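Everything on this sheet refers to the single structure shown next.
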Amino acid sequence: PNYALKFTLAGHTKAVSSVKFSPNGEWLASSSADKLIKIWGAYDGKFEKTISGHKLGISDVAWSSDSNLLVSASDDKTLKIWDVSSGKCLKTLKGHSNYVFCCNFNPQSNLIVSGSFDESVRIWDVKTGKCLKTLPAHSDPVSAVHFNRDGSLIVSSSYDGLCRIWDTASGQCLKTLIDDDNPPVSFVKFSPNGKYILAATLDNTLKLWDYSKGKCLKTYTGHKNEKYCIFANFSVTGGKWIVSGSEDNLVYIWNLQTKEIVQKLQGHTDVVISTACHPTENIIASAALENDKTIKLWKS
Amino acid sequence: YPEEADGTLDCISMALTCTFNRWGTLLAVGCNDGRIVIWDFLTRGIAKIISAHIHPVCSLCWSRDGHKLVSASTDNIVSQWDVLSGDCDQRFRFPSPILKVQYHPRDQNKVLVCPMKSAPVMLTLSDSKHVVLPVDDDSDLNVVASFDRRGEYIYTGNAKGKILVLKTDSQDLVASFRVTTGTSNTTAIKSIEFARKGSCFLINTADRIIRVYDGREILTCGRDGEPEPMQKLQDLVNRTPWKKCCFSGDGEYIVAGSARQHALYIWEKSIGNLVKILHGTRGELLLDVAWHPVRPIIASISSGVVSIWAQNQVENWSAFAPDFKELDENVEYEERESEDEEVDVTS
Amino acid sequence: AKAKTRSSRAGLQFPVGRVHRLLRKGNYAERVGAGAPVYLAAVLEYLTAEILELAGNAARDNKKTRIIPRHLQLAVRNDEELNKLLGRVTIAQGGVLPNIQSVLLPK
Amino acid sequence: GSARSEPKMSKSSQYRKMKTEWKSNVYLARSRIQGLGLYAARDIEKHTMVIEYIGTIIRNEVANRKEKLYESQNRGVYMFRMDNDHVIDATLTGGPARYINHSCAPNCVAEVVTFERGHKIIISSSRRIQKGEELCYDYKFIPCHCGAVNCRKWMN
Amino acid sequence: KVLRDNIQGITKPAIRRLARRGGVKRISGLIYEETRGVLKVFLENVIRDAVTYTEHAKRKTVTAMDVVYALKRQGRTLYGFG
Amino acid sequence: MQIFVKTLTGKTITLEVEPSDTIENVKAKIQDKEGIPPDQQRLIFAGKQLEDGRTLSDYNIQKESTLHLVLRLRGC
Amino acid sequence: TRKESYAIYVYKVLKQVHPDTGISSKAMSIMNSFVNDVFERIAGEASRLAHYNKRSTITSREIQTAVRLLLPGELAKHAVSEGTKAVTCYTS
Ligand SMILES: [Zn+2]
């Protein structure tokens, strides 16, 4: 465990919100809220092209199989259906009335969910884009949408710790999960099997929650997450690894069985908004907000 | 299991037949003027309109790969299409008009086609090497045949009553029985359908009686057998003849449509009683009935109108509260005053 | 062989042979079909169940246990279609519904 | 522009007739004001009774700890007072009526009919409420998301 | 062949003439719509039984004998057609 | 007599039967050793049916034969 | 001298639809006369239909048509289904 700095991805006008790697080692664009998506690289920061022309800042952008097809979850209550080599507004998604926080293409590449805050969540079509359903996704605003390994389950996060695994074919979720905290959950996600969900309970104790029982496996220590948005990552390249984001200008990389403090990596100048992981190689990015305006690549 | 009206489709008139894929996502509405309208469920939209022909498209069949339909008409062309952009790959202008097409489920080079008069002969995709399926009597002029579930055999049916079973490509005569219709008068066959789990199958006879058999039972019977039916279904009150039968998503709930009255009847495989009669517009005549494999919703084709019959989940959605059980009277209990398992998360 | 009654062969509660004898010996027609007493016994069973359900509900709602004809009178006249079926029928020992018109009451 | 970069900072008998039909009254339907609401698959007529506010009776003082309970799991945002003496909870175990929302044109009000077991919050009607109209009550103690005609866009 | 109206097709002077056959001097205004409603209700209660007799007889043509029999069950016996 | 039945799961079963029994008695013996009611235990010889109103000599059954079975919900 | 009544069958149907609810003799005589009345009406309409078609056989078809004529709306829409289910269970 000697993960060393390799590159630096600067050149931002506003704060960077997210990094999300390509599924097979292709790209990592500037998924920020700066009205800019510059197609940066994952291996060496290879600048490809400029895809911009937005009205407001993008909360997060989606991703595709070829890491090209996008849809903008911007803050102007609209969504364009994007392509890299087009630069053209195909259609417009309408049905929100607040911040479009999050949107996803499923791993089968045939759905466009779009998360909202006043529960105007609509699951859209990739081809047509017709108004289908308002969803009562929580009692609270949504802070995560995700699709599992195959694409029949939708996890969603709340401001009181609702791990609702929404069904794709029917629309009725199965199991309600809870903690004794009152957690404003910034992010939940699936696993490579869909059974363990890492929520956000904000007293420096983030828990990996089971599918059926709703218990936790191993409650980690030594991390800093009480107010700010921090993603949730795992690594399958070599052995067991735990990678997350930080707040105190560090890079959080640990192991699952230990629950210790064995590696933290200085090098940032802001609260780490985002880290991410790569399946075959230990190529790890680490993004931060406006007081850094860089995305620093890491590699063993 | 379907209990409502739930909506219908006024999109394109003159609907004639349809079926589904393995997954149940689209809907290939066959039309009178040579069209296949494709409609979606979860997005409720029409993606592709293949204006195939000008003649009545009679039969349809999806394949397993999700790419290859097959159809025929009074155009009498054994066509084929693809859902990406409407690519008619092949075009077999043939005589002797067609009733039913049917793939082998995984060896999808081989399709099985029923002509008007003579025996069904197994066509292919590329070559014209049709494999002649030998029917002995040949005086019945309407003989229907099919695979089993896994494509492991070929089941046949004449108009006299004799049933023969052949191997899927080399035609091993392994089973032979005449059906026990009446005492002195037998009857013909109009369809034989198959499930998605198990080898039970129905015999749509023409004395208003459906008969149900299993594959293991007739393979135990074999050559010169007298297989008794698992179940005998009819409706002696209304005196109704049948048009088209099918199965459920598990092979438990037989859905047989009428031919007089625009009504659906639903049985059970195990017990064998009626469970619910469905209804719709009383002034139509029903032709084709589609069952959905993973979620029990039915489609009914009559007068160009195709209807969606769900059950609405009137019980409730229970997504939020497995907890929070109800106390009717104001029950009070106000006396009171106050790292074990490692499963592969990365699997 | 054995002897199953035609009630328990069909899963009913009313008899079937009694209905069949009443159809043959009332001179309703000359030839009675096979399924007719089965269908009619089913119809009579459903109507008796439909009235006794509402009767038992009213009998629980007046804190009694048995059913006396006041409960049948209330459970028939408080309904919406059994009222139309029993439109011209006086139940003996019945009494009437509690009904007062509008303008009689003082302001 | 980002919210992610910013940190998160005669009456009794007809009433019991209504008590015998609680499955028959409504089903748990939605409302696009916020999540759910309550619709009807029927027309709720004039002088038709709907629901009773039941659940778990808080004593005089226990609300002073229930307000601390509201800071753990954010449990009850569904309040309605019984009286000066007591409050009724509907969050742990009790009445499932915790999805009756409010728009600034409320179609129901609160009324009290008292049994031997105490005062009970009883709902009736004064008009023929039609099919699918959301039942919602005036509060009289966060802006609304309804879009109503002549709407105050508040709570009370 | 779908029809839309003719519940208004029974005119205003026709109800006036029916009332002046009945021995009526002076008519108010709402009687027109009320009488249209009453006539529609009675014709539904006859046509239900006529169509049921037809569908049982396995035909497609409503014959006048069936209208006479429906009126026989209603309790208004009609003379002069069967 | 010691007969064997080849069911749908290969359950080659043993019995205490005789050359002087009927069919319903054999099926009640299988009921008593297993718990399965006698409404389905269709003994099959050369692909046919054996009726519950005959003996074990009304079909020329040779002793210690190997028979077949098809399950059947005749509880209906 | 042996009469005929429907007391035991109202006993059985009441004990199926309610566990522990007794029934007095007055209500039993009411239910006896009720079932005789409904039976007479349905058989009367069946005989009139069997004479109007110039048939000579009461099948179950005419009983269905008589029930559909005589019972108003929703009660007919349940009773027809109950009868069809009973006959279809009677066959096998
Ligand atoms: Zn409002």
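Going through the structure tokens in order, the chains are called A, B, and so on, while each chain numbers its residues from 1 and the ligands are numbered from 1 in the order shown.
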Distance query residue 15 (chain E) at most 9 Å, only C-alpha atoms, self and fewer than 6 positions along chain excluded, as a PyMOL selection string:
chain E and resi 31-32+35-36
Find the residues around residue 151 (chain B) up to 7 Å (only C-alpha atoms counted), leave out those fewer than 4 positions away in its own chain, and share them as a PyMOL selection string.
chain B and resi 104-105+147+168
For residue 125 (chain D), find every residue with an atom within 8 Å (counting only C-alpha atoms), except residues of its own chain fewer than 2 positions away, and show them as a list in words.
residues 44, 45, 46, 47, 48, 49, 50, 108, 123, 127 and 128 of chain D
Using N, CA and C atoms, can you export the residues from the last selection as a short mmCIF file (atom, residue, chain, number, x, y, z; two decimals), in the first residue's frame?
data_model
loop_
_atom_site.label_atom_id
_atom_site.label_comp_id
_atom_site.auth_asym_id
_atom_site.auth_seq_id
_atom_site.Cartn_x
_atom_site.Cartn_y
_atom_site.Cartn_z
N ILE D 44 -67.61 10.29 -2.28
CA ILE D 44 -67.94 10.47 -0.87
C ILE D 44 -69.06 11.49 -0.75
N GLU D 45 -70.21 11.06 -0.25
CA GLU D 45 -71.42 11.85 -0.35
C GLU D 45 -71.49 12.88 0.78
N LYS D 46 -72.58 13.63 0.81
CA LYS D 46 -72.84 14.54 1.92
C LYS D 46 -73.20 13.74 3.17
N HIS D 47 -72.66 14.19 4.31
CA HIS D 47 -72.79 13.53 5.62
C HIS D 47 -72.27 12.10 5.58
N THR D 48 -71.22 11.87 4.79
CA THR D 48 -70.50 10.61 4.77
C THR D 48 -69.28 10.73 5.67
N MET D 49 -69.11 9.77 6.57
CA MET D 49 -67.99 9.79 7.49
C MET D 49 -66.80 9.06 6.89
N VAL D 50 -65.60 9.48 7.30
CA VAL D 50 -64.38 9.09 6.59
C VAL D 50 -63.42 8.34 7.51
N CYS D 108 -61.93 19.18 4.17
CA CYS D 108 -62.42 18.60 5.41
C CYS D 108 -62.00 19.47 6.59
N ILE D 123 -64.48 12.60 11.63
CA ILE D 123 -64.56 13.27 10.34
C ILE D 123 -65.87 12.87 9.67
N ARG D 127 -70.72 17.76 1.80
CA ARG D 127 -70.99 17.87 0.38
C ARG D 127 -70.64 16.54 -0.28
N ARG D 128 -71.02 16.40 -1.54
CA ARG D 128 -70.70 15.21 -2.33
C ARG D 128 -69.30 15.37 -2.90
#
Tell me the residues of chain A close to chain B, meaning within 6 Å using only C-alpha atoms, as a PyMOL selection string.
chain A and resi 172-174+176+192-193+217-218
Taking only C-alpha atoms into account, find every residue of chain F that has an atom no more than 12 Å from chain G, and write it out as a PyMOL selection string.
chain F and resi 74-76
Compile the contact shell of region 29-33 of chain C as a PyMOL selection string: residues with an atom at most 7 Å away, counting only C-alpha atoms, same-chain residues fewer than 3 positions apart removed.
(chain C and resi 24+36) or (chain G and resi 47+56-59)
Using DSSP assignments from the backbone, pull out every residue in region 14-129 of chain D that falls under helix (DSSP H, G or I) and give it to me as a list in words.
residues 14, 15, 16, 17, 18, 19, 22, 23, 24, 25, 63, 64, 65, 66, 67, 68 and 69 of chain D
Please, could you write that set of residues out with N, CA and C atoms as a PDB file, in the first residue's frame?
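Output saved as again-v5.pdb:
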ATOM      1  N   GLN D  14     -74.630   5.210  12.837  1.00  0.00           N
ATOM      2  CA  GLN D  14     -74.115   5.436  11.490  1.00  0.00           C
ATOM      3  C   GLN D  14     -72.596   5.555  11.494  1.00  0.00           C
ATOM      4  N   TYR D  15     -72.029   6.059  12.592  1.00  0.00           N
ATOM      5  CA  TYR D  15     -70.581   6.068  12.740  1.00  0.00           C
ATOM      6  C   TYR D  15     -70.017   4.656  12.815  1.00  0.00           C
ATOM      7  N   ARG D  16     -70.686   3.760  13.537  1.00  0.00           N
ATOM      8  CA  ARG D  16     -70.193   2.388  13.600  1.00  0.00           C
ATOM      9  C   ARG D  16     -70.431   1.645  12.292  1.00  0.00           C
ATOM     10  N   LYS D  17     -71.462   2.043  11.541  1.00  0.00           N
ATOM     11  CA  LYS D  17     -71.599   1.604  10.154  1.00  0.00           C
ATOM     12  C   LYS D  17     -70.389   2.017   9.328  1.00  0.00           C
ATOM     13  N   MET D  18     -69.866   3.220   9.577  1.00  0.00           N
ATOM     14  CA  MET D  18     -68.613   3.613   8.933  1.00  0.00           C
ATOM     15  C   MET D  18     -67.429   2.828   9.499  1.00  0.00           C
ATOM     16  N   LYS D  19     -67.504   2.431  10.771  1.00  0.00           N
ATOM     17  CA  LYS D  19     -66.433   1.644  11.379  1.00  0.00           C
ATOM     18  C   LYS D  19     -66.367   0.239  10.803  1.00  0.00           C
ATOM     19  N   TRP D  22     -63.913   0.119   6.930  1.00  0.00           N
ATOM     20  CA  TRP D  22     -62.659   0.859   6.795  1.00  0.00           C
ATOM     21  C   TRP D  22     -61.817   0.362   5.624  1.00  0.00           C
ATOM     22  N   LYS D  23     -61.870  -0.938   5.316  1.00  0.00           N
ATOM     23  CA  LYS D  23     -61.301  -1.405   4.057  1.00  0.00           C
ATOM     24  C   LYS D  23     -62.134  -0.942   2.872  1.00  0.00           C
ATOM     25  N   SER D  24     -63.438  -0.772   3.075  1.00  0.00           N
ATOM     26  CA  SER D  24     -64.355  -0.425   2.002  1.00  0.00           C
ATOM     27  C   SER D  24     -64.393   1.064   1.700  1.00  0.00           C
ATOM     28  N   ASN D  25     -63.898   1.909   2.610  1.00  0.00           N
ATOM     29  CA  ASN D  25     -63.966   3.354   2.406  1.00  0.00           C
ATOM     30  C   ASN D  25     -63.070   3.799   1.258  1.00  0.00           C
ATOM     31  N   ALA D  63     -44.814  14.615  25.602  1.00  0.00           N
ATOM     32  CA  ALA D  63     -44.442  15.321  24.380  1.00  0.00           C
ATOM     33  C   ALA D  63     -43.122  16.068  24.534  1.00  0.00           C
ATOM     34  N   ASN D  64     -42.760  16.444  25.763  1.00  0.00           N
ATOM     35  CA  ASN D  64     -41.484  17.099  26.021  1.00  0.00           C
ATOM     36  C   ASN D  64     -40.290  16.162  25.861  1.00  0.00           C
ATOM     37  N   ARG D  65     -40.518  14.849  25.804  1.00  0.00           N
ATOM     38  CA  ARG D  65     -39.506  13.883  25.403  1.00  0.00           C
ATOM     39  C   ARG D  65     -39.735  13.372  23.985  1.00  0.00           C
ATOM     40  N   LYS D  66     -40.979  13.418  23.507  1.00  0.00           N
ATOM     41  CA  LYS D  66     -41.286  13.083  22.120  1.00  0.00           C
ATOM     42  C   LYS D  66     -40.653  14.076  21.153  1.00  0.00           C
ATOM     43  N   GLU D  67     -40.496  15.333  21.576  1.00  0.00           N
ATOM     44  CA  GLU D  67     -39.785  16.308  20.757  1.00  0.00           C
ATOM     45  C   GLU D  67     -38.296  15.990  20.666  1.00  0.00           C
ATOM     46  N   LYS D  68     -37.738  15.331  21.683  1.00  0.00           N
ATOM     47  CA  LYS D  68     -36.378  14.815  21.583  1.00  0.00           C
ATOM     48  C   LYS D  68     -36.334  13.560  20.724  1.00  0.00           C
ATOM     49  N   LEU D  69     -37.402  12.758  20.771  1.00  0.00           N
ATOM     50  CA  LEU D  69     -37.515  11.588  19.904  1.00  0.00           C
ATOM     51  C   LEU D  69     -37.584  11.989  18.436  1.00  0.00           C
TER      52      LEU D  69
END
Please write out the residues within 9 Å of ligand 1 as a ChimeraX atom specification, counting only C-alpha atoms and all ligand atoms.
/D:33,102-106,144-155
Taking into account only C-alpha atoms, which residue in the set B:314, B:173, B:98, B:308 is nearest to residue 10 (chain B)?
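Distance minimum relative to residue 10 (chain B) lands on B:308.
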CA of residue 41 (chain D) to CA of residue 52 (chain C), straight-line distance in Å:
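CA of residue 52 (chain C) sits 26.6 Å away from CA of residue 41 (chain D).
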